[PDB]
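Text of final_8.cif (mmCIF, C-alpha atoms; chains and numbers go by the auth columns) as supplied:
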data_my_file
#
loop_
_atom_site.group_PDB
_atom_site.id
_atom_site.type_symbol
_atom_site.label_atom_id
_atom_site.label_comp_id
_atom_site.label_asym_id
_atom_site.label_seq_id
_atom_site.Cartn_x
_atom_site.Cartn_y
_atom_site.Cartn_z
_atom_site.B_iso_or_equiv
_atom_site.auth_seq_id
_atom_site.auth_asym_id
ATOM 1 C CA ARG A 1 -8.063 -70.938 151.157 0.00 733 A
ATOM 2 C CA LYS A 2 -11.811 -70.231 151.197 0.00 734 A
ATOM 3 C CA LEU A 3 -11.125 -67.077 149.129 0.00 735 A
ATOM 4 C CA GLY A 4 -8.422 -68.501 146.825 0.00 736 A
ATOM 5 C CA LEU A 5 -10.650 -70.798 144.795 0.00 737 A
ATOM 6 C CA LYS A 6 -12.977 -68.986 142.411 0.00 738 A
ATOM 7 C CA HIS A 7 -15.971 -71.131 143.424 0.00 739 A
ATOM 8 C CA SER A 8 -15.703 -71.471 147.204 0.00 740 A
ATOM 9 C CA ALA A 9 -15.496 -67.697 147.127 0.00 741 A
ATOM 10 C CA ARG A 10 -18.814 -67.528 145.217 0.00 742 A
ATOM 11 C CA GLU A 11 -20.696 -69.602 147.863 0.00 743 A
ATOM 12 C CA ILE A 12 -19.563 -67.375 150.764 0.00 744 A
ATOM 13 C CA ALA A 13 -20.672 -64.370 148.712 0.00 745 A
ATOM 14 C CA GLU A 14 -24.041 -65.993 148.021 0.00 746 A
ATOM 15 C CA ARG A 15 -24.565 -66.896 151.686 0.00 747 A
ATOM 16 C CA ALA A 16 -23.505 -63.293 152.572 0.00 748 A
ATOM 17 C CA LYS A 17 -26.268 -61.907 150.315 0.00 749 A
ATOM 18 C CA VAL A 18 -23.876 -60.275 147.876 0.00 750 A
ATOM 19 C CA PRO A 19 -25.296 -59.781 144.366 0.00 751 A
ATOM 20 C CA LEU A 20 -23.378 -61.913 141.852 0.00 752 A
ATOM 21 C CA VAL A 21 -23.201 -62.085 138.048 0.00 753 A
ATOM 22 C CA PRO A 22 -26.247 -64.177 137.074 0.00 754 A
ATOM 23 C CA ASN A 23 -18.834 -51.437 129.580 0.00 826 A
ATOM 24 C CA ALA A 24 -17.690 -52.471 133.007 0.00 827 A
ATOM 25 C CA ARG A 25 -16.182 -50.494 135.886 0.00 828 A
ATOM 26 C CA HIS A 26 -14.163 -51.840 138.816 0.00 829 A
ATOM 27 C CA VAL A 27 -15.404 -50.608 142.180 0.00 830 A
ATOM 28 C CA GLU A 28 -13.920 -52.237 145.269 0.00 831 A
ATOM 29 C CA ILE A 29 -14.632 -51.844 148.964 0.00 832 A
ATOM 30 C CA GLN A 30 -11.860 -51.581 151.506 0.00 833 A
ATOM 31 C CA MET A 31 -12.979 -53.497 154.538 0.00 834 A
ATOM 32 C CA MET A 32 -11.521 -54.176 158.006 0.00 835 A
ATOM 33 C CA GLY A 33 -12.358 -57.261 160.071 0.00 836 A
ATOM 34 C CA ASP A 34 -11.451 -57.932 163.693 0.00 837 A
ATOM 35 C CA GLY A 35 -11.211 -61.721 163.383 0.00 838 A
ATOM 36 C CA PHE A 36 -14.188 -62.214 165.679 0.00 839 A
ATOM 37 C CA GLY A 37 -17.200 -61.474 163.493 0.00 840 A
ATOM 38 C CA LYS A 38 -17.048 -57.701 163.361 0.00 841 A
ATOM 39 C CA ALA A 39 -16.395 -56.046 159.997 0.00 842 A
ATOM 40 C CA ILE A 40 -16.428 -52.458 158.768 0.00 843 A
ATOM 41 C CA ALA A 41 -16.476 -50.856 155.333 0.00 844 A
ATOM 42 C CA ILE A 42 -13.936 -48.068 155.201 0.00 845 A
ATOM 43 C CA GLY A 43 -14.730 -46.784 151.717 0.00 846 A
ATOM 44 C CA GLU A 44 -14.774 -47.564 148.013 0.00 847 A
ATOM 45 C CA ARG A 45 -12.221 -47.076 145.267 0.00 848 A
ATOM 46 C CA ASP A 46 -12.566 -47.072 141.497 0.00 849 A
ATOM 47 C CA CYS A 47 -9.840 -49.054 139.750 0.00 850 A
ATOM 48 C CA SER A 48 -11.231 -49.076 136.229 0.00 851 A
ATOM 49 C CA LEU A 49 -8.160 -47.601 134.528 0.00 852 A
ATOM 50 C CA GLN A 50 -6.425 -50.906 133.815 0.00 853 A
ATOM 51 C CA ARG A 51 -4.149 -51.950 130.937 0.00 854 A
ATOM 52 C CA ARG A 52 -4.424 -55.634 129.947 0.00 855 A
ATOM 53 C CA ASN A 53 -5.889 -55.896 133.474 0.00 856 A
ATOM 54 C CA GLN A 54 -2.992 -54.188 135.264 0.00 857 A
ATOM 55 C CA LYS A 55 -4.020 -51.145 137.296 0.00 858 A
ATOM 56 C CA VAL A 56 -2.279 -47.805 136.656 0.00 859 A
ATOM 57 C CA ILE A 57 -4.613 -45.173 138.078 0.00 860 A
ATOM 58 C CA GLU A 58 -7.099 -45.418 140.986 0.00 861 A
ATOM 59 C CA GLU A 59 -9.447 -42.938 142.720 0.00 862 A
ATOM 60 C CA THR A 60 -11.834 -42.399 145.622 0.00 863 A
ATOM 61 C CA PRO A 61 -14.716 -41.788 145.989 0.00 864 A
ATOM 62 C CA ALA A 62 -15.942 -43.727 142.962 0.00 865 A
ATOM 63 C CA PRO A 63 -17.283 -41.218 140.426 0.00 866 A
ATOM 64 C CA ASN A 64 -20.888 -41.456 139.202 0.00 867 A
ATOM 65 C CA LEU A 65 -22.109 -43.778 141.918 0.00 868 A
ATOM 66 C CA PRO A 66 -25.303 -43.099 143.914 0.00 869 A
ATOM 67 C CA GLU A 67 -25.444 -43.528 147.698 0.00 870 A
ATOM 68 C CA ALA A 68 -28.202 -46.181 147.396 0.00 871 A
ATOM 69 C CA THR A 69 -25.768 -48.503 145.641 0.00 872 A
ATOM 70 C CA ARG A 70 -22.607 -47.387 147.543 0.00 873 A
ATOM 71 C CA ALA A 71 -24.239 -47.939 150.955 0.00 874 A
ATOM 72 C CA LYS A 72 -25.327 -51.411 149.781 0.00 875 A
ATOM 73 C CA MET A 73 -21.836 -52.153 148.504 0.00 876 A
ATOM 74 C CA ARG A 74 -20.609 -51.312 152.011 0.00 877 A
ATOM 75 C CA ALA A 75 -23.193 -53.449 153.850 0.00 878 A
ATOM 76 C CA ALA A 76 -22.678 -56.438 151.535 0.00 879 A
ATOM 77 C CA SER A 77 -18.935 -56.228 152.140 0.00 880 A
ATOM 78 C CA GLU A 78 -19.457 -56.135 155.919 0.00 881 A
ATOM 79 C CA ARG A 79 -21.678 -59.255 155.740 0.00 882 A
ATOM 80 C CA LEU A 80 -19.025 -61.109 153.792 0.00 883 A
ATOM 81 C CA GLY A 81 -16.304 -60.064 156.223 0.00 884 A
ATOM 82 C CA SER A 82 -18.467 -60.819 159.252 0.00 885 A
ATOM 83 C CA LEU A 83 -19.505 -64.218 157.933 0.00 886 A
ATOM 84 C CA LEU A 84 -15.860 -65.257 157.563 0.00 887 A
ATOM 85 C CA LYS A 85 -14.882 -63.815 160.949 0.00 888 A
ATOM 86 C CA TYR A 86 -12.382 -62.001 158.677 0.00 889 A
ATOM 87 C CA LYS A 87 -9.169 -60.655 160.254 0.00 890 A
ATOM 88 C CA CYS A 88 -7.276 -57.468 159.344 0.00 891 A
ATOM 89 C CA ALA A 89 -7.604 -55.914 155.893 0.00 892 A
ATOM 90 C CA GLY A 90 -9.362 -57.227 152.836 0.00 893 A
ATOM 91 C CA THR A 91 -10.932 -55.882 149.702 0.00 894 A
ATOM 92 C CA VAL A 92 -14.194 -56.878 148.078 0.00 895 A
ATOM 93 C CA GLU A 93 -14.023 -56.148 144.350 0.00 896 A
ATOM 94 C CA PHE A 94 -17.179 -55.619 142.333 0.00 897 A
ATOM 95 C CA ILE A 95 -18.059 -55.185 138.694 0.00 898 A
ATOM 96 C CA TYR A 96 -20.308 -52.096 138.178 0.00 899 A
ATOM 97 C CA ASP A 97 -22.736 -51.293 135.363 0.00 900 A
ATOM 98 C CA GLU A 98 -22.884 -47.507 135.558 0.00 901 A
ATOM 99 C CA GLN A 99 -25.916 -47.376 133.261 0.00 902 A
ATOM 100 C CA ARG A 100 -27.955 -50.232 134.805 0.00 903 A
ATOM 101 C CA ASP A 101 -26.843 -48.968 138.285 0.00 904 A
ATOM 102 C CA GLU A 102 -25.931 -52.553 139.270 0.00 905 A
ATOM 103 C CA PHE A 103 -22.875 -54.177 140.900 0.00 906 A
ATOM 104 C CA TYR A 104 -21.721 -57.829 140.995 0.00 907 A
ATOM 105 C CA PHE A 105 -19.219 -59.774 143.156 0.00 908 A
ATOM 106 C CA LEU A 106 -15.845 -60.328 141.495 0.00 909 A
ATOM 107 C CA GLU A 107 -13.419 -61.469 144.235 0.00 910 A
ATOM 108 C CA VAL A 108 -11.986 -60.800 147.656 0.00 911 A
ATOM 109 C CA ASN A 109 -8.326 -59.926 147.986 0.00 912 A
ATOM 110 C CA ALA A 110 -7.315 -61.407 151.310 0.00 913 A
ATOM 111 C CA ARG A 111 -4.674 -58.783 151.987 0.00 914 A
ATOM 112 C CA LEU A 112 -3.870 -55.074 151.901 0.00 915 A
ATOM 113 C CA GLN A 113 -3.778 -53.594 148.406 0.00 916 A
ATOM 114 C CA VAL A 114 -1.355 -51.391 146.478 0.00 917 A
ATOM 115 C CA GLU A 115 -3.983 -48.631 146.054 0.00 918 A
ATOM 116 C CA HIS A 116 -4.760 -48.462 149.784 0.00 919 A
ATOM 117 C CA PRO A 117 -3.250 -44.968 150.280 0.00 920 A
ATOM 118 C CA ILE A 118 -6.086 -43.017 148.564 0.00 921 A
ATOM 119 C CA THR A 119 -8.442 -44.465 151.152 0.00 922 A
ATOM 120 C CA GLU A 120 -5.988 -43.263 153.792 0.00 923 A
ATOM 121 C CA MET A 121 -6.082 -39.731 152.377 0.00 924 A
ATOM 122 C CA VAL A 122 -9.851 -39.222 152.489 0.00 925 A
ATOM 123 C CA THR A 123 -10.288 -40.809 155.939 0.00 926 A
ATOM 124 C CA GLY A 124 -7.039 -39.983 157.742 0.00 927 A
ATOM 125 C CA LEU A 125 -6.670 -43.591 158.858 0.00 928 A
ATOM 126 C CA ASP A 126 -3.367 -45.423 158.889 0.00 929 A
ATOM 127 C CA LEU A 127 -4.537 -48.834 157.668 0.00 930 A
ATOM 128 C CA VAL A 128 -1.255 -50.593 158.523 0.00 931 A
ATOM 129 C CA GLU A 129 -1.660 -49.227 162.070 0.00 932 A
ATOM 130 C CA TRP A 130 -5.146 -50.734 162.206 0.00 933 A
ATOM 131 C CA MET A 131 -3.921 -54.068 160.818 0.00 934 A
ATOM 132 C CA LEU A 132 -1.207 -54.228 163.494 0.00 935 A
ATOM 133 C CA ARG A 133 -3.610 -53.371 166.299 0.00 936 A
ATOM 134 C CA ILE A 134 -6.256 -55.861 165.140 0.00 937 A
ATOM 135 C CA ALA A 135 -3.705 -58.663 164.646 0.00 938 A
ATOM 136 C CA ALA A 136 -2.702 -58.324 168.332 0.00 939 A
ATOM 137 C CA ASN A 137 -6.338 -58.424 169.521 0.00 940 A
ATOM 138 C CA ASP A 138 -6.316 -54.765 170.552 0.00 941 A
ATOM 139 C CA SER A 139 -8.794 -53.889 167.795 0.00 942 A
ATOM 140 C CA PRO A 140 -10.453 -50.465 167.501 0.00 943 A
ATOM 141 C CA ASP A 141 -13.944 -50.779 168.918 0.00 944 A
ATOM 142 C CA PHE A 142 -15.833 -51.141 165.589 0.00 945 A
ATOM 143 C CA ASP A 143 -19.413 -50.325 166.556 0.00 946 A
ATOM 144 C CA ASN A 144 -18.267 -46.952 167.858 0.00 947 A
ATOM 145 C CA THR A 145 -15.921 -46.028 165.042 0.00 948 A
ATOM 146 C CA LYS A 146 -17.169 -43.129 162.915 0.00 949 A
ATOM 147 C CA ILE A 147 -15.448 -42.920 159.553 0.00 950 A
ATOM 148 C CA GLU A 148 -15.600 -39.544 157.761 0.00 951 A
ATOM 149 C CA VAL A 149 -14.566 -39.350 154.116 0.00 952 A
ATOM 150 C CA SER A 150 -13.182 -35.949 153.262 0.00 953 A
ATOM 151 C CA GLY A 151 -12.466 -34.662 149.779 0.00 954 A
ATOM 152 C CA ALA A 152 -11.264 -36.850 146.957 0.00 955 A
ATOM 153 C CA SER A 153 -7.944 -38.556 146.309 0.00 956 A
ATOM 154 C CA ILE A 154 -6.220 -40.227 143.378 0.00 957 A
ATOM 155 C CA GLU A 155 -3.059 -42.340 142.818 0.00 958 A
ATOM 156 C CA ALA A 156 -0.846 -42.899 139.796 0.00 959 A
ATOM 157 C CA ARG A 157 1.624 -45.754 139.553 0.00 960 A
ATOM 158 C CA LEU A 158 5.101 -44.818 138.328 0.00 961 A
ATOM 159 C CA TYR A 159 6.665 -47.851 136.659 0.00 962 A
ATOM 160 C CA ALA A 160 10.127 -48.423 135.250 0.00 963 A
ATOM 161 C CA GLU A 161 8.583 -49.375 131.894 0.00 964 A
ATOM 162 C CA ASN A 162 8.565 -48.363 128.238 0.00 965 A
ATOM 163 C CA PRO A 163 5.038 -47.465 127.011 0.00 966 A
ATOM 164 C CA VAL A 164 6.398 -47.088 123.450 0.00 967 A
ATOM 165 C CA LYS A 165 7.861 -50.602 123.303 0.00 968 A
ATOM 166 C CA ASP A 166 5.060 -52.661 124.872 0.00 969 A
ATOM 167 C CA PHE A 167 5.582 -51.692 128.547 0.00 970 A
ATOM 168 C CA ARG A 168 8.825 -53.623 128.522 0.00 971 A
ATOM 169 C CA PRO A 169 10.603 -53.323 131.884 0.00 972 A
ATOM 170 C CA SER A 170 13.418 -50.793 131.925 0.00 973 A
ATOM 171 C CA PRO A 171 16.271 -51.543 134.353 0.00 974 A
ATOM 172 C CA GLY A 172 19.145 -49.230 135.270 0.00 975 A
ATOM 173 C CA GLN A 173 20.549 -46.650 137.697 0.00 976 A
#
How does this structure look as structure tokens?
Amino acid sequence: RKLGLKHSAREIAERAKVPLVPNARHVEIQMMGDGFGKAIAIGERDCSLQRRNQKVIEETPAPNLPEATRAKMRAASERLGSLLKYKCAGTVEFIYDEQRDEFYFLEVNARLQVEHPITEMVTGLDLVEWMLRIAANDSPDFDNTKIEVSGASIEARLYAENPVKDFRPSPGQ
């Protein structure tokens, strides 16, 4: 509920010290929360390649993003997740000005996301496994969890659609 309404979500973000909006990319942080105040940033994904706002290709790590601003995307995401006492998996989406080197809160998805497997490739984590373990109060011990990101990974979404006739759905056997 607190994340569903565009404006309640902005207050939490503000209180969490997450820079908000006072040629845009879409950089999101995959975060895990244990439901008891602990939160951890697992990595970031770029989801810029969208058609009329519908994602088709995603990648990790985000290209052309400096550590200074990635590490502060992570920490801002952990504050937001901590503040809520967030449980299981959520994503903090940001807008990113590549040129200005600035990012701004967009929304939290209060759920796992379609693109989650690229994160799983570079870290070797099974996020569903984590979700299950956290949801049963047998959470990984967060303060002692070292996440190593390894290589780069990208996802393409195969749709039953016709790109030539307006991405009209294409049923059949």
Check what the PyMOL selection byres ((chain A and resi 955) around 10) selects in the file above and give those residues as a ChimeraX atom specification. /A:862-866,921-922,924-926,952-954,956-957
Do you know which residues the PyMOL selection byres ((chain A and resi 833) around 8) returns on this file, as a ChimeraX atom specification? /A:831-832,834-835,844-848,892-895,919,922
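Between atom CA of residue 860 of chain A and atom CA of residue 951 of chain A the interatomic distance comes to 23.2 Å.
Separating atom CA of residue 838 of chain A from atom CA of residue 937 of chain A is a distance of 7.9 Å.
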Select all residues near (-16.0, -63.1, 152.7) (cut-off 7 Å, inclusive, file coordinates), counting all atoms listed in the file, and output them as a PyMOL selection string. chain A and resi 744-745+883-884+886-887+911
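Note that the spacing between atom CA of residue 938 of chain A and atom CA of residue 857 of chain A amounts to 29.7 Å.
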Axis-aligned box over every listed atom of segment 827-844 of chain A, padded by 6 Å per side: centre and edges in Å to one decimal, as AutoDock Vina command-line options?
--center_x -14.5 --center_y -56.4 --center_z 149.3 --size_x 18.5 --size_y 23.7 --size_z 44.7
Could you name the residues that touch residue 970 of chain A at 12 Å or less, counting only C-alpha atoms, but leaving out those on the same chain fewer than 5 positions away, as an MDAnalysis selection string? chainID A and resid 854:855 857 859 961:965
A:909, A:878, A:735, A:741: which is nearest residue 829 of chain A, counting only C-alpha atoms? A:909
Taking the file as shown, what set of residues would the PyMOL selection byres ((chain A and resi 932) around 12) give back, as a short mmCIF file (atom, residue, chain, number, x, y, z; two decimals) with C-alpha atoms, in the frame of the given file?
data_model
loop_
_atom_site.label_atom_id
_atom_site.label_comp_id
_atom_site.auth_asym_id
_atom_site.auth_seq_id
_atom_site.Cartn_x
_atom_site.Cartn_y
_atom_site.Cartn_z
CA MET A 835 -11.52 -54.18 158.01
CA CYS A 891 -7.28 -57.47 159.34
CA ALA A 892 -7.60 -55.91 155.89
CA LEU A 915 -3.87 -55.07 151.90
CA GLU A 923 -5.99 -43.26 153.79
CA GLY A 927 -7.04 -39.98 157.74
CA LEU A 928 -6.67 -43.59 158.86
CA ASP A 929 -3.37 -45.42 158.89
CA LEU A 930 -4.54 -48.83 157.67
CA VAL A 931 -1.25 -50.59 158.52
CA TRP A 933 -5.15 -50.73 162.21
CA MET A 934 -3.92 -54.07 160.82
CA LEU A 935 -1.21 -54.23 163.49
CA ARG A 936 -3.61 -53.37 166.30
CA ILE A 937 -6.26 -55.86 165.14
CA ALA A 938 -3.70 -58.66 164.65
CA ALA A 939 -2.70 -58.32 168.33
CA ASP A 941 -6.32 -54.76 170.55
CA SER A 942 -8.79 -53.89 167.80
CA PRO A 943 -10.45 -50.46 167.50
#
Which residue gives the smallest distance to residue 905 of chain A among A:967, A:750, A:739, A:889, with all atoms listed in the file counted? A:750
Skip residue 861 of chain A itself and residues of its chain fewer than 2 positions away, then list as number ranges by chain all residues within 6 Å of it, counting only C-alpha atoms. A: 849-850, 957-958
